[PDB]
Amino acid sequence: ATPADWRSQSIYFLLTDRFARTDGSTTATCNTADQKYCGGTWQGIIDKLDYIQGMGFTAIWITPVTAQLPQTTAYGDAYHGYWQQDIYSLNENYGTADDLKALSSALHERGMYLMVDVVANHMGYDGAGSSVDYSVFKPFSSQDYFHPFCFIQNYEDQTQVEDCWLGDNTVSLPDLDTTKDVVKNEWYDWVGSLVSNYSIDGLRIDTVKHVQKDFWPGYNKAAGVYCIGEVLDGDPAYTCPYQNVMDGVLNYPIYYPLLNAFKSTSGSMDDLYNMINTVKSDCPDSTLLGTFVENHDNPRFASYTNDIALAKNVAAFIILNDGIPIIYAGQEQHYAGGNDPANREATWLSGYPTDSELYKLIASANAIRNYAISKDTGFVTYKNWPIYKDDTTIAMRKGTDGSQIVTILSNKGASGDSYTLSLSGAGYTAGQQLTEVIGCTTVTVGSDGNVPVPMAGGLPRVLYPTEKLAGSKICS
């Protein structure tokens, strides 16, 4: 699917090892500290597609599918997929080629997309340096395909970031020489054939900043689908230029101030408001970025705060921001693991309850986003507009005039006081009825055009014209 096709999507990101077992167990042990395969599979995902689609997601992002180093390293198994050795074999832990095709086909039947994580930067090896037997790498079965062995020490030196190795002396990530025509041609052939064999709709590309920029346009073109890059940097002047060589990037610039704004009652709405405006102006296309506050490379939101109101507000932001919302499996069950490996919790140990507070919030937020998009072809290209901030509040507007969603978020938290916020700039007409679609209340626009937004419980408020909800199953 094209970048334009992907703009309206909403992604559920999962670890194949950690989401769903073939046996469907909700009690199979998964001690994250063990860092071992816990037994999630592609068939497991198929069996739980109702759970995911119930939250109004239109797509899933799964972790890489290639065959990994075999060892239980001192850092555990390659359960995560990022330590590949044979790119022409699947990881048999997750199932067969027919299973991965079955998952693509199951998603397609339900009108959903498959996004697959891919690594071009590196292979993985249990050991480092003179220990590496380059013959185990397929097809890059020679030291000649790799950058000379060195570790990245100066992250300020972009040449060392691209040409030196990730990992360490325990588990090294041998760095492919992506400046070599044979390596480019092999990767370009591989990714085009992966996408076509498995009918993949889009790719999440790992470790994009570790590969020189001139590699990526040919990779994106050979894939033939939307590619979203992991450029792990919060500075938009570093990250947003990667959009000149790849369709999209993960919104790490928004991540840091978004997390800060909602993880505590003293969070900066100013820093988030300012970053929305910087990304909107200075990123090639903010509507092709992926918005997130949780992933497998940072502490989960609930590790910072267990306040459920704060988690509801940050989730609503992710769904209603410019670009493609991305929710990490477990976020909807308020998982509170810290850094790797604590944030790789098995989704099945929740029991997959569809009545959890954050399952319901995400379902309501995706419901209005999916509905508004079905009625307003301009929604996904209207750049999100922050119209208000104070110490504890940010309000934003998105969508075509007369159909706009106006969202009011708060970091007051669950003990927040009840009060009316008189909101200017929402762009609705005096006497217009608006539905607050999270709580299903009516708000009427005042004679002066200001919206008397009821605030309470620190809850997020998502407004949409009542008369535009005719025939929708929202708040009925």
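Rigid core (definition): largest C-alpha set, two forms, superposition within 1.5 Å. From 1 onward, residues are counted along the sequence shown.
The higher RMS C-alpha distance to the shown form in 5 other deposited structures of this protein, out of 75-83 and 120-128, belongs to 120-128, with every structure fitted on the core. RMS Cα deviation from the shown model in 5 other deposited structures of this protein, rigid core fit, is larger for 130-138 than for the other stretch of the pair 130-138 / 186-194.
As recorded in the PDB entry, 462-470 is the stretch of 7-15 and 462-470 with the greater mean C-alpha temperature factor. Higher average CA B factor: 153-161, of the stretches 153-161 and 260-268. Listed residues 77, 126, 247, 391 were ranked by CA B-factor as deposited; 391 comes out on top. The residue among 337, 330, 229, 139 whose C-alpha carries the highest B-factor in the deposited model is 139. Ranked by C-alpha B-factor against the other modelled residues of its chain, residue 378 falls in the middle third.
Among the modelled residues of its chain, residue 61 has a C-alpha B-factor that falls in the lowest third, as given in the PDB entry. When the modelled residues of the chain are ordered by C-alpha B-factor, residue 132 sits in the highest third. Remark: residue 170 belongs to the middle third of its chain, ranked by C-alpha B-factor as recorded. Annotation for residue 275: CA B-factor lies in the lowest third of the chain's modelled residues.
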